[PDB]
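J.: Have a look at this one before I ask anything.
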Amino acid sequence: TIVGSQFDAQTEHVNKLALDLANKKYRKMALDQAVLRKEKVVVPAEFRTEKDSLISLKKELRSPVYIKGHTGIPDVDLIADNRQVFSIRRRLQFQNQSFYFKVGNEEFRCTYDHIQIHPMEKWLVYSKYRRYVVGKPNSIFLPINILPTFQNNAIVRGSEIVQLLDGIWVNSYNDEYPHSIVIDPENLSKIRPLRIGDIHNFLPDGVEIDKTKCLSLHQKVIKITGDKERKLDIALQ
Amino acid sequence: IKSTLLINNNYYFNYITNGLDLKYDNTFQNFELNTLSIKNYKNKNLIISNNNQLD
Amino acid sequence: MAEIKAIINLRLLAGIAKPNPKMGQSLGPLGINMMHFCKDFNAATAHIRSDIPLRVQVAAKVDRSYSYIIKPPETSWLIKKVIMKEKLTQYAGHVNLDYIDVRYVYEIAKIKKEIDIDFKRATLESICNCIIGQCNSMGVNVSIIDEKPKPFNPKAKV
Amino acid sequence: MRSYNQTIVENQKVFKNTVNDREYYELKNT
Amino acid sequence: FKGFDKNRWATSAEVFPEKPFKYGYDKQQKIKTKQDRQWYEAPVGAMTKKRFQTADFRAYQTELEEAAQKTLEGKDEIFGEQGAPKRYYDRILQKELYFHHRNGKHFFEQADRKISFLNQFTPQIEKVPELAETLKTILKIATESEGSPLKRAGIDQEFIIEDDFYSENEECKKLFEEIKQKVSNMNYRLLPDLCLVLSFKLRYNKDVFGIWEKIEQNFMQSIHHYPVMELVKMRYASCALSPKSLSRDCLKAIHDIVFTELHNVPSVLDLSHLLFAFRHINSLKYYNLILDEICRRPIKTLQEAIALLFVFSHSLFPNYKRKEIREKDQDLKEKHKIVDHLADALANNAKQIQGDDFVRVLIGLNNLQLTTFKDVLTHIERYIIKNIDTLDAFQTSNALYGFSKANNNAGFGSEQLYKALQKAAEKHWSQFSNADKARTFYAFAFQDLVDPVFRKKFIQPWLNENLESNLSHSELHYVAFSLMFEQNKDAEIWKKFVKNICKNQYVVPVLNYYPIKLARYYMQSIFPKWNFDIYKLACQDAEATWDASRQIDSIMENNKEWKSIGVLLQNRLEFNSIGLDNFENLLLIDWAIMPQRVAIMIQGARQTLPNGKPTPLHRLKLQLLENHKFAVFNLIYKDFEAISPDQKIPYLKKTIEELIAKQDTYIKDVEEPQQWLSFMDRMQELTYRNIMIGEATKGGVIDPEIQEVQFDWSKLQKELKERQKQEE
Amino acid sequence: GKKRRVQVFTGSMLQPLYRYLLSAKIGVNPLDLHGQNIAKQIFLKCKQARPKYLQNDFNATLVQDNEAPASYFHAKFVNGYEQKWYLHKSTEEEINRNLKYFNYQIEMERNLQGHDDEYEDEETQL
Amino acid sequence: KXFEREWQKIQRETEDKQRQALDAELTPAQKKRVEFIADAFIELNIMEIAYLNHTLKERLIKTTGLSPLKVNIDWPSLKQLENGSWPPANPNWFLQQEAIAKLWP
């Protein structure tokens with residue numbers, strides 16, 4: 001490669017730094033998929049008025065904003081610049097991260113729920129969010145992310161993990177909540193797959209499942225196949 | 001670390017197009033004989049050596 | 001003149017190089033003497049068995065001059081000898097059935113290195129890793145075997 | 001760790017980068 | 001092996017395997033729902049029970065049907081074997097990795113002296129006579145209250161008072177509102193002297209009550225009425241602490257005026273106040289304006305030059321704010337414009353020096369990474385010994401901490417000093433803080449001069465009490481340095497050194513990581529029985545960015561001992577030399593040859609002693625290499641010079657050719673065949689894992705087919721007769 | 001896809017630069033920094049280039065002359081012309097138009113003698 | 001010790017990495033270096049000129065460094081340095097000048 005082979009043989013020992021480094025990142029990420037980073041984000045903005053219509057803003061390249069509130073809370077609707085909105089996506093953490101909005105001295109927590117774009121014109125129409133308050137239930141989306149395990153024996157060879165759900169909807173009642181979920185599927189098998197109640201049993205005290213959204217705890221996420229050769233030998237014979 | 005410690009520097013460079021003129025005489029260019037201090041650190045044609053003659 | 005008009009890959013037996021009409025389709029229109037050509041081939045390959053098929057390249061030039069060059073035999077043919085089969089899998093990856101052991105790979109790599117001009121810069125791990133990827137495409141694997149095989153002479157198109 | 005740091009999110013296209021001497025801040029009071 | 005012992009079925013409580021670490025979301029928080037939560041159990045397949053019962057039945061037959069035949073034919077050595085912690089694993093701020101912990105020192109009483117020569121920043125309550133009756137009543141409420149709230153402000157970064165304390169104590173809430181009714185209508189001259197009292201003496205950087213907002217309007221209306229320096233006082237009053245309490249526009253105004261009116265600030269102290277306040281600027285362009293000015297105004301006294309080093313030290317322009325592409329080493333050129341402008345004054349009159357102005361030079365130079373200023377130090381060597389008895393508790397540590405790392409972490413001193421400074425330490429021993437004590441214990445091991453009398457009375461109990469806990473994370477390292485320099489091996493002490501790091505809520509900083517990884521391979525060589533896993537999670541973040549090769553571009557410049565013998569290795573003679581090669585990202589070997597695992601390390605003025613022995617670094621390193629089977633030629637640069645010039649080149653050849661062969665045989669003799677052994681056992685641990693367990697059990701009996709393979713046991717035979725015995 | 005049938009020939013308009021040369025002599029000062037490398041590249045184009053579009057007796061060289069004022073590119077053409085171009089200040093583009101100022105004339109000299117110094121049309125298509 | 005500090009300026013201020021040809025000429029930069037050395041070699045008592053001549057033949061035999069310009073291992077005349085240090089040491093030297101002193105006429 002970038003150095004001749006004859007010199008690389010002298011420096012073949014050097015490449016431990018290559019492999020010793022990749023230990024560090026990929027292990028760090030693999031265990032940090034779950035945790036929200038502890039870093040405050042802020043979004044200066046302005047109130048709504050009946051004067052500022054859409055198309056007026058959209059030559060000025062501002063954007064509307066919409067928030068849906070929760071039990072007993074009123075809705076709030078705001079104005080902001082487009083480039084704020086895309087920068088809020090451009091984090092890793094966008095699916096769940098808590099973003100604030102400073103109008104004046106006030107701050108309003110939120111989450112990302114979604115955005116609409118005018119498809120034929122392809123400019124930003126609005127940026128929709130969901131309120132978060134500490135002492136009350138709050139909808140969030142906990143994605144599932146499965147680690148690899150070379151410790152089970154069926155997972156290693158000729159079998160295939162099947163992630164039927166990407167995430168879980170829940171209700172959180174406290175400040176810091178987990179970004180995602182991480183699973184070590186060693187004890188799983190063809191005989192038992194994972195089911196949502198196996199997760200419900202293992203969560204913090206501030207979290208609960210939103211039964212209004214899911215179907216049943218007996219529903220299952222991670223499924224494991226049988227062996228391939230045991231099919232393939234039977235396929236030919 | 002080699003580039004600073006060299007004394008009798010002999011800058012060289014190629015005028016190769018392709019090895020067909022050499023392969024089709026069963027020849028080629030060696031670098032085991034006089035495994036040199038440097039080959040193509042910044043300029044991807046330069047070579048530096050101590051030997052005032054280098055065949 | 002010295003400018004290269006064309007290059008051709010071929011396959012030849014060592015000492016039975018002979019003006020076969022099934023090679024004049026390539027070397028005919030270039031005006032090269034098959035007889036004067038094959039002479040210089042058989043002369044070099046007198047230290048090689050005659051059953052074996054090699055390959056050669058020819059930088060045919062603008063004045064219909066030539067400069068032949070010799071390379072080791074086809075790497076696939078060498079393994080069919082050890083494997084004692086003639087034809088290999090349609091599919092690859094899915095259908096893996098054949099087996100060699102490393103102790104011959106270490107010996108047939110030396111064949112490539114002792115002769116081929118391209119690998120003069122190369123080490124043996126390098127060469128051995130080249131064929132393993134060629135083995136993945138063929139239905140072949142590298143597994144320890146104490147036993148030896150018995151002789152086989154797989155075909156070649158010549 | 002209860003740090004006060006926080007990422008402000010805003011376009012720097014609007015923020016003007018000009019100089020204002022003692023005079024500019026002297027006159028604006030009157 | 002393991003997998004055969006596996007449970008046929010797992011409960012819901014057993015799917016998720018145990019972990020070394022809890023997450024930050026398993027914390028105990030305010031609101032909680034375990035109480036109303038119900039327990040879910042994963043069902044068993046209705047058809048699997050028909051398989052669970054049968055295998056339970058066939059197993060039950062063979063128990064009795066064989067017992068019937070009998071009647072016919074007949075650890076964690078850290079915390080003990082039980083009890084061990086579980087480290088909380090969290091995502092982390094940059095701050096934890098670049099924070100000098102403020103515990104273990106009465107900081108502000110110590111830190112306010114070193115600035116006290118700057119008069120304009122000295123806070124004065126009585127300067128504000130109208131509110132002094134109010135402001136002081138507040139501070140009574142601070143200290144007198146429970147806990148140590150004001151004392152936790154700067155110290156416990158995990159604690160805040162602008163939200164916990166002030167927003168809840170209703171007496172204080174009255175008092176801050178008494179202020180707001182006054183702030184608007186004051187003279188513009190009293191404002192900055194008030195702001196100092198808020199920020200430092202009261203710790204009100206926020207705008208919670210809305211106080212600064214009124215200060216801005218009363219300030220911005222009369223900006224032009226101020227002099228120059230009375231604006232600088234606002235900069236330091238607000239921007240010196242964590243929230244820049246003022247706005248942007250109010251600071252851009254200050255920031256825009258001042259760099260126009262540099263032609264009128266009279267004095268050099270007035271630049272000292274200035275630079276120390278404007279040190280947090282991100283723009284490079286205006287630091288040059290300052291230093292370009294200082295290169296114009298000559299200094300004609302000695303307190304001035306001290307007042308620039310101590311300020312220029314802390315107030316450097318970091319390299320991360322600089323651009324990625326830039327003139328080479330341009331940060332240094334910013335320095336020597338000053339140091340070449342100062343060198344006369346500080347050198348001409350250094351005898352004229354006193355204890356308060358004494359400390360700030362040792363600090364000013366150590367923070368500046370030079371090796372030129374010896375002459376002032378010699379005039380200081382003569383100074384201390386005279387006044388040795390009349391010194392304060394404060395002037396002792398900074399000397400012991402200053403001379404330890406005088407010329408770029410090479411010390412500077414004599415045995416007359418430190419032997420004298422024991423007594424000065426033994427006087428004020430109860431008055432030092434834990435930071436100061438460790439820093440003494442560094443300087444002696446740095447020179448191998450610890451009295452065996454002195455470690456027993458004071459250090460030995462102090463370490464026994466406080467090593468396990470009640471010791472800030474930054475003070476372990478000066479201890480971690482010294483003990484390996486003392487070559488100590490008492491296991492009971494290294495336990496506490498590890499137990500703290502494992503128990504400590506805070507992660508390891510990169511600022512202080514180099515000992516923690518040395519001490520790892522120190523203990524591993526001695527004791528292979530430990531498990532440093534918890535001791536790596538605390539070290540997880542630092543090791544990611546860690547690289548030893550970063551030191552190369554500096555050592556290539558400032559070490560002639562390295563190159564001159566390097567010239568010989570490459571040009572004249574012939575080996576597969578490499579140069580600086582990083583030893584597992586902990587050291588960088590001076591010169592090495594591979595694959596033979598050869599080392600040519602060098603002593604020098606950095607690494608020798610007056611006795612000629614190696615420094616206690618240079619014996620530390622040469623242990624760890626030998627521990628990992630890495631040959632050595634400890635070269636002494638004096639002795640190589642003494643060799644006659646013709647015999648200097650072969651003398652290396654005669655050594656290296658021999659040290660190669662000792663390793664060349666050792667690779668044949670031991671390692672090369674022994675890797676096959678681990679390889680062929682590695683190959684089994686895979687084949688063990690590829691097993692269909694249900695197919696392999698196939699009843700209660702295990703009948704594995706066995707492959708024969710040629711293997712040359714002729715070399716190694718201990719393992720043959722070790723395996724052939726247990727296996728049968 | 002589809003087979004071209006219109007053959008556009010561009011062999012006669014092919015006008016390379018070093019074609020009317022008989023020899024060349026590079027000169028180098030190790031004290032130049034702009035006049036070294038310019039001469040490095042020319043020496044390649046004299047040998048790395050193709051020999052069809054050169055004379056048969058073309059021999060290019062390189063010498064390190066510390067005594068020179070500046071690094072030079074001396075050249076010799078067919079019909080008698082000879083020049084030198086120092087290189088401490090110039091570019092590779094300013095040199096080529098000088099070479100055209102010769103090569104354009106040698107055609108006007110050799111064509112009058114009857115010599116066809118042109119190429120067949122079939123050498124390079126578009 | 002005030003000399004080491006002063007010296008490191010002048011080598012920096014005369015770091016000029018321009019390629020050179022060893023000639024009679026010298027840069028104005030290099031002259032600031034030479035002139036600082038002579039200012040230090042002139043103002044020294046004779047007990048010190050004695051010593052410096054003893055230093056060199058302890059530093060020249062060490063010769064940590066290769067170059068055809070500077071001190072060099074392959075420099076031929078190093079071996080004699082161990083024997084003779086000062087010409088005043090050789091008593092034969094004292095014969096030459098008085099012998100030559102009478103040969104001027």
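Ligands are numbered from 1 in the order shown, chains are lettered A, B, ... in the order of the structure tokens, and residues start at 1 in each chain.
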As a VMD selection string, please: the residues near region 69-82 of chain C (cut-off 9 Å, only C-alpha atoms, same-chain neighbours under 4 positions excluded).
T.: (chain B and resid 23 to 26) or (chain C and resid 11 41 52 to 59 86 to 88 100 104 108 111 to 117 131 134 to 135 138 148 to 156)
J.: Return as a tab-separated table the residues of chain A lying at most 8 Å from chain D, together with the closest atom-to-atom pair for each and the distance in Å to one decimal, counting only C-alpha atoms, with rows in chain order and ascending residue number.
T.:
```
residue	atom	partner	partner_atom	distance
A:39	CA	D:6	CA	6.8
A:40	CA	D:6	CA	4.7
A:41	CA	D:7	CA	4.9
A:42	CA	D:8	CA	5.2
A:43	CA	D:9	CA	5.2
A:44	CA	D:9	CA	7.0
A:81	CA	D:10	CA	7.8
A:83	CA	D:11	CA	6.8
A:84	CA	D:9	CA	5.9
A:87	CA	D:9	CA	7.8
```
J.: Enter the distance from CA of residue 103 (chain A) to CA of residue 78 (chain A), in Å, rounded to one decimal.
T.: 8.7 Å
J.: Please identify all polymer residues within 7 Å of region 58-70 of chain A, counting only C-alpha atoms, omitting same-chain residues fewer than 4 positions from it, and present them as a ChimeraX atom specification.
T.: /A:54,74-82,125-131
J.: I need the chosen residues saved as an mmCIF file, in the first residue's frame, with C-alpha atoms.
T.:
```
data_model
loop_
_atom_site.group_PDB
_atom_site.id
_atom_site.type_symbol
_atom_site.label_atom_id
_atom_site.label_comp_id
_atom_site.auth_asym_id
_atom_site.auth_seq_id
_atom_site.Cartn_x
_atom_site.Cartn_y
_atom_site.Cartn_z
ATOM 1 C CA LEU A 54 -46.163 31.829 6.469
ATOM 2 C CA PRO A 74 -51.325 24.630 26.811
ATOM 3 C CA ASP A 75 -49.851 24.437 23.356
ATOM 4 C CA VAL A 76 -47.155 26.833 22.194
ATOM 5 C CA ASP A 77 -46.292 27.966 18.682
ATOM 6 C CA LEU A 78 -43.167 29.886 17.761
ATOM 7 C CA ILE A 79 -40.994 31.280 14.986
ATOM 8 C CA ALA A 80 -37.398 30.396 14.218
ATOM 9 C CA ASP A 81 -34.772 30.270 11.516
ATOM 10 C CA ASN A 82 -34.460 27.306 9.189
ATOM 11 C CA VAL A 125 -42.799 24.346 5.960
ATOM 12 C CA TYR A 126 -42.809 23.787 9.708
ATOM 13 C CA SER A 127 -40.840 22.111 12.468
ATOM 14 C CA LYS A 128 -43.012 20.185 14.906
ATOM 15 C CA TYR A 129 -41.978 19.242 18.423
ATOM 16 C CA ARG A 130 -43.357 17.661 21.592
ATOM 17 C CA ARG A 131 -43.252 19.249 25.017
#
```
J.: Output the contact residues of chain A with respect to chain E at a cut-off of 6 Å, based on only C-alpha atoms, as JSON, numbers by chain.
T.: {"A": [24, 37, 153, 187, 197, 198, 204, 205, 206]}
J.: Write out as a count of residues only which residues come within 10 Å of residue 35 (chain F) when counting only C-alpha atoms, dropping same-chain ones fewer than 3 positions away.
T.: 19
J.: In Å, with one decimal, what is the gap from CA of residue 632 (chain E) to CA of residue 486 (chain E)?
T.: 22.4 Å
J.: May I ask you to extract the residues of chain E within 9 Å of chain C, using only C-alpha atoms, and to give them as a list in words?
T.: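 Interface list for chain E against chain C: residues 708, 709 and 710 of chain E.
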J.: May I ask which of the residues B:13, B:20, B:52, B:7 is the closest one to residue 61 (chain C), counting only C-alpha atoms?
T.: B:20
J.: Compute the set of chain G residues within 12 Å of chain B, using only C-alpha atoms, and express it as a PDB file with C-alpha atoms, in the first residue's frame.
T.:
```pdb
ATOM      1  CA  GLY G  65      29.036  13.920  14.873  1.00  0.00           C
ATOM      2  CA  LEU G  66      29.848  13.279  11.229  1.00  0.00           C
ATOM      3  CA  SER G  67      30.332  15.941   8.590  1.00  0.00           C
ATOM      4  CA  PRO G  68      32.965  16.915   6.002  1.00  0.00           C
ATOM      5  CA  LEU G  69      32.562  20.472   7.326  1.00  0.00           C
ATOM      6  CA  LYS G  70      32.409  20.325  11.119  1.00  0.00           C
TER       7      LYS G  70
END
```
J.: If the cut-off is 10 Å, can you tell me the residues of chain B near chain E, counting only C-alpha atoms? I'd like them as a ChimeraX atom specification.
T.: /B:1-2,4-8,35-37,49-50
J.: Just the residues within 7 Å of residue 221 (chain A), please, counting only C-alpha atoms, with nothing from its chain fewer than 6 positions along; format it as number ranges by chain.
T.: A: 163-165, 194-195
J.: Just write the chosen residues, N, CA, C and O atoms, as a PDB file, in the first residue's frame.
T.:
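Writing done, so here's selection.pdb:
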```pdb
ATOM      1  N   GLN A 163     -34.541  -8.423  13.956  1.00  0.00           N
ATOM      2  CA  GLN A 163     -35.046  -7.307  14.745  1.00  0.00           C
ATOM      3  C   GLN A 163     -36.354  -6.863  14.110  1.00  0.00           C
ATOM      4  O   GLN A 163     -36.364  -6.185  13.082  1.00  0.00           O
ATOM      5  N   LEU A 164     -37.460  -7.254  14.735  1.00  0.00           N
ATOM      6  CA  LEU A 164     -38.779  -6.982  14.191  1.00  0.00           C
ATOM      7  C   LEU A 164     -39.277  -5.582  14.506  1.00  0.00           C
ATOM      8  O   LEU A 164     -40.170  -5.088  13.811  1.00  0.00           O
ATOM      9  N   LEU A 165     -38.738  -4.948  15.542  1.00  0.00           N
ATOM     10  CA  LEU A 165     -39.103  -3.599  15.935  1.00  0.00           C
ATOM     11  C   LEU A 165     -37.849  -2.764  16.090  1.00  0.00           C
ATOM     12  O   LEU A 165     -36.834  -3.242  16.603  1.00  0.00           O
ATOM     13  N   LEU A 194     -36.985 -12.724  22.506  1.00  0.00           N
ATOM     14  CA  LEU A 194     -37.187 -11.657  23.466  1.00  0.00           C
ATOM     15  C   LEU A 194     -38.582 -11.085  23.288  1.00  0.00           C
ATOM     16  O   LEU A 194     -39.097 -11.015  22.171  1.00  0.00           O
ATOM     17  N   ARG A 195     -39.192 -10.682  24.397  1.00  0.00           N
ATOM     18  CA  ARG A 195     -40.516 -10.091  24.382  1.00  0.00           C
ATOM     19  C   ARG A 195     -40.498  -8.815  25.205  1.00  0.00           C
ATOM     20  O   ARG A 195     -39.621  -8.610  26.044  1.00  0.00           O
TER      21      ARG A 195
END
```
J.: Mind pulling up the distance from CA of residue 445 (chain E) to CA of residue 419 (chain E)?
T.: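 Answer for the CA of residue 419 (chain E) to CA of residue 445 (chain E) separation: 13.1 Å.
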J.: If you run DSSP on the backbone here, which positions in region 29-168 of chain A get strand (DSSP E or B)? Please write them as number ranges by chain.
T.: A: 41-42, 44, 46-47, 62-67, 76-81, 102, 107, 111-117, 124-130, 139-146, 161-163, 167-168
J.: With the cut-off set at 6 Å and counting only C-alpha atoms, tabulate each residue of chain E with an atom at most that distance from an atom of chain D, showing the nearest atom pair and its distance in Å to one decimal, ordered by chain and increasing number, as JSON lines.
T.:
```
{"residue": "E:158", "atom": "CA", "partner": "D:1", "partner_atom": "CA", "distance": 5.0}
{"residue": "E:221", "atom": "CA", "partner": "D:29", "partner_atom": "CA", "distance": 5.8}
{"residue": "E:224", "atom": "CA", "partner": "D:26", "partner_atom": "CA", "distance": 5.2}
{"residue": "E:256", "atom": "CA", "partner": "D:19", "partner_atom": "CA", "distance": 6.0}
{"residue": "E:257", "atom": "CA", "partner": "D:21", "partner_atom": "CA", "distance": 5.4}
```
J.: Mind writing the picked residues with N, CA, C and O atoms as a JSON list (two decimals), in the first residue's frame?
T.:
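Printed below is out.json as written:
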```json
[["chain", "number", "residue", "atom", "x", "y", "z"],
["E", 158, "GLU", "N", -20.32, 20.14, 41.09],
["E", 158, "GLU", "CA", -21.64, 19.52, 41.07],
["E", 158, "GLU", "C", -22.69, 20.31, 41.82],
["E", 158, "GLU", "O", -23.86, 19.90, 41.81],
["E", 221, "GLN", "N", -25.53, 53.69, 29.43],
["E", 221, "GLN", "CA", -25.90, 55.07, 29.18],
["E", 221, "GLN", "C", -24.75, 56.04, 29.35],
["E", 221, "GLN", "O", -24.84, 57.18, 28.89],
["E", 224, "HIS", "N", -19.11, 56.51, 27.76],
["E", 224, "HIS", "CA", -18.10, 57.50, 27.41],
["E", 224, "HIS", "C", -17.61, 58.28, 28.61],
["E", 224, "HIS", "O", -16.50, 58.83, 28.57],
["E", 256, "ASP", "N", -14.46, 46.86, 21.85],
["E", 256, "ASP", "CA", -14.15, 47.71, 20.71],
["E", 256, "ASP", "C", -13.47, 49.01, 21.10],
["E", 256, "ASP", "O", -12.62, 49.50, 20.35],
["E", 257, "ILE", "N", -13.81, 49.57, 22.26],
["E", 257, "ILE", "CA", -13.20, 50.82, 22.68],
["E", 257, "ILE", "C", -11.73, 50.61, 23.00],
["E", 257, "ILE", "O", -10.86, 51.37, 22.55]]
```
J.: Restrict the calculation to only C-alpha atoms, then for each residue of chain F with any atom at most 7 Å from an atom of chain B give the closest atom pair and their distance in Å to one decimal, rows by chain and rising residue number, as a Markdown table.
T.:
```
| residue | atom | partner | partner_atom | distance |
| --- | --- | --- | --- | --- |
| F:44 | CA | B:15 | CA | 5.8 |
| F:47 | CA | B:15 | CA | 6.9 |
| F:48 | CA | B:15 | CA | 5.6 |
```
